[PDB]
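Here you'll find one protein chain in two forms, each presented separately as structure tokens under the names structure 1 and structure 2.
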Structure 1
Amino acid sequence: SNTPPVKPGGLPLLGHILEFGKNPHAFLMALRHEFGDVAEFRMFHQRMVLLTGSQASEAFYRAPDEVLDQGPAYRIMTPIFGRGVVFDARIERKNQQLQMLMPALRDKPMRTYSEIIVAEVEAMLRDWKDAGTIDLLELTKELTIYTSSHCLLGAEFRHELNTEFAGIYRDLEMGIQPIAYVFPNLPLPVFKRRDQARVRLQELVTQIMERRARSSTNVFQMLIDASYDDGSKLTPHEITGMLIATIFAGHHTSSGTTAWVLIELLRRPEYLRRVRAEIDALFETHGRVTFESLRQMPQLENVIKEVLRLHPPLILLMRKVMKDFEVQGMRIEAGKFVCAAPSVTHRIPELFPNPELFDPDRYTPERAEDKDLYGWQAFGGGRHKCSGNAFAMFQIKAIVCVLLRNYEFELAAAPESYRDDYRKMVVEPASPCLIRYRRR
């Protein structure tokens, strides 16, 4: 039929990758502005169709796995995750493993997660000096990696094996290099150290499984106790892969959004006063942080929601088109890729009036702009929506509570200097991001 519009200029081998790399958010904004809800560009030799707006986002998220494949986008992560683990397995096994992941990340385990998250933040606060200058993102990355490793992997990783796991994690993360998009299977020393790190982490998982069989609430144990539709149990390879995938999934996303919550609150003393009022009221009615965060935090909840609207950490959601797909009268042929851009759809004026303004009261029950499910798309949507939704929200909300209760903060640079680095694989606050603290 009528194919989607194609961005007119490009390089032969690279397509639009240079313009994309300069500012990805700007590139996607510009494609929408010039071509519309369904617009095609090229990265290297591959053709991507950006789907923006509620309609096209519904098309994207609502499409079945037999139509839109999640596999190829994760090809770089396969040496870390493992051969037959999530996204490199066939659709059935992939989805069964992901469903195994789902329960451990919501509902009942959250209350046990809460105590340790609060305890970790308190512990870090105790050994700081009374006042100083820190990097906010550095702090949030350390806090979120510690708390999520403890909650999801187990106490063994935060305590006895902490040093070796820190090493293995930095080696694995250093193994996630973009060059692999261009030249896959290129031999690199960082890749050698990544592979060795994965071997060692699988050894550690095997050991801990054996010891736990001799003798806790965590994703590690939920995967030990989980089974397929067949009575077959998960191998140590599969368990180590799925665990490291969850750890990687939540680290930079949650850290960046916590950082942005703090930055925006310090930028806007109105909302900082509202949120601190909520914190001080909850600390009186419900002594201590506790699970009081989970529930009666509406103001901080909406602050986090608007933070995710204006700074969504995942800016491009890519899937290959397996069967001819049609959006808005336009045919997307198999072999093309489709993409969802939360940063672009969140800034559509029809969906969000005055899009560049930061007002968390967009999400009040009276206005309900997060109602579409295919407009506000920070956690994705559909079958493959975020399974770490509640855990991430709670981690952010709890970390902000303990920090804001125990310390008072001042922005160490210009309020307008704090910006997004869209050139990062998971978008985070900009490199300097410095703050000052003094204890209350």
Structure 2
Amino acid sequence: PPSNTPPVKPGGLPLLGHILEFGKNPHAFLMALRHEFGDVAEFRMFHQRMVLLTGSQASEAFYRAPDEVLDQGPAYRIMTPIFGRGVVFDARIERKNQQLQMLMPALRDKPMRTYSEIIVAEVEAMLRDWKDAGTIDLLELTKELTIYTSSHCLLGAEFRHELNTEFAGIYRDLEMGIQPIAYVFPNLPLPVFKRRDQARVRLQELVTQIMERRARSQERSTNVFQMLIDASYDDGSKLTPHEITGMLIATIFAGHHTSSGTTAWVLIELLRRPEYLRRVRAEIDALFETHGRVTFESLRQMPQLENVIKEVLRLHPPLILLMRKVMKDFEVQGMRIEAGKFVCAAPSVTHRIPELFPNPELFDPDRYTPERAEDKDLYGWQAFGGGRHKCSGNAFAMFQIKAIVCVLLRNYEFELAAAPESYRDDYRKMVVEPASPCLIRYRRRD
């Protein structure tokens, strides 16, 4: 009497499974898998057996599982050298959870007003460097803008001014260390891998220096770094500069390409839909004539723009595979998923289920008005994941993007360099953004 298990896609290659076809187009693949096998569908990545949970029901099973059924550890094994050993997600389930819990208040509530001012200020700042008119690569602009605003808010002014050029190069070497051989996490050593390892060492050095310099000086700035210094375990014991360095890098990687890509898409989508450029522009111009400046209070209630960002995240979730190891038999929609196996959510797929998002392929922000399609189901729309391990900085992300767009749109008029339909997702990236050659034209407003 064997229990009903989920269907397995007729395999491809012996030691490769489906990996090449999947790798060709991860999204197209997962769409195809679901379309042919339904809510719960097994495929093989190398040796390993992945199970795609799509739809409201199967998504709930995923996001609500205890940390003791589904472990996010292996998904991050490529990151461990960058984050440090035993720092966060390499740490024991209970220790990992305290570190994450220390971040949450750093990225919500009280510091949010300060972050707003810093982010607004940082964009206003760089915008003074701009010619009257010109052509820029939109993706590069939002990646620069995001790393500046992030690092200022998360690390502090030290890393924007005094440690600017030093940090810039560390982050590069850190970023460059994200190579899928390390993602297997099988062998750590290589030329680029040491330049990665050297980078983390030098950052932990820079951190401790600033810890010590901010302590003998009675500087008290508002940043995640400062709050991680002031945080403490339930022990009463404190974070070591190893941990503080690990958590700050995790936060920056978690927030950088995700935000930068989304800001790009919010501008692209607004620039190929004049209808919505007007609704957003009218909202901003209204915001200024009611506040005379971009202000934490003003950013809070931008319904037009919130709705646009929400639809952009429906059509363009930057993270499209959320992977977990099954370390306990749990059951999804009747089908039993064996321990030792892998499960994963696919925001990009579930977001196009017609039963959840009527006319899924149509861009319509008005889905997210009081007669909504994001509220009355919590495991439909899932761009920020869900459950115990949902994004800590969804609030930060929303303000970051609302601020950048507000300022850019208020000072500058934009128009696409190439044909509107030519702007496509590049699903072959670890974090999905628009295609690399993503040019745009600016000219000072009025």
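Basically, rigid core = biggest C-alpha set you can superpose within 1.5 Å across the two forms. Start at 1 and count along the sequence of structure 1; that gives the residue numbers used here.
> Any idea which of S254, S293, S148, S343 has its C-alpha shifted 2 Å or more between structures 1 and 2 with the rigid core fixed?
With the rigid core superposed, the residue that stands out is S293.
> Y181: CA shift of at least 2 Å between structures 1 and 2 after core fit?
The answer is yes, as the C-alpha of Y181 shifts between structures 1 and 2 by 2 Å or more after core alignment.
> Would the C-alpha of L357 be classed as shifted by 2 Å or more between structures 1 and 2 after rigid-core alignment?
It does not, since the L357 C-alpha is displaced less than 2 Å between structures 1 and 2 after the core fit.
> Relative to the superposed rigid core, does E278 relocate between structures 1 and 2 - that is, does its Cα move 2 Å or more?
Result for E278: no, shift under 2 Å.
> What Cα shift, in Å, does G9 show between structures 1 and 2 once the core is superposed?
After core superposition, the C-alpha of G9 moves 2.1 Å between structures 1 and 2.
> May I ask for the C-alpha shift of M124 between structures 1 and 2, in Å, based on superposition of the rigid core?
A shift of 1.0 Å at the C-alpha.
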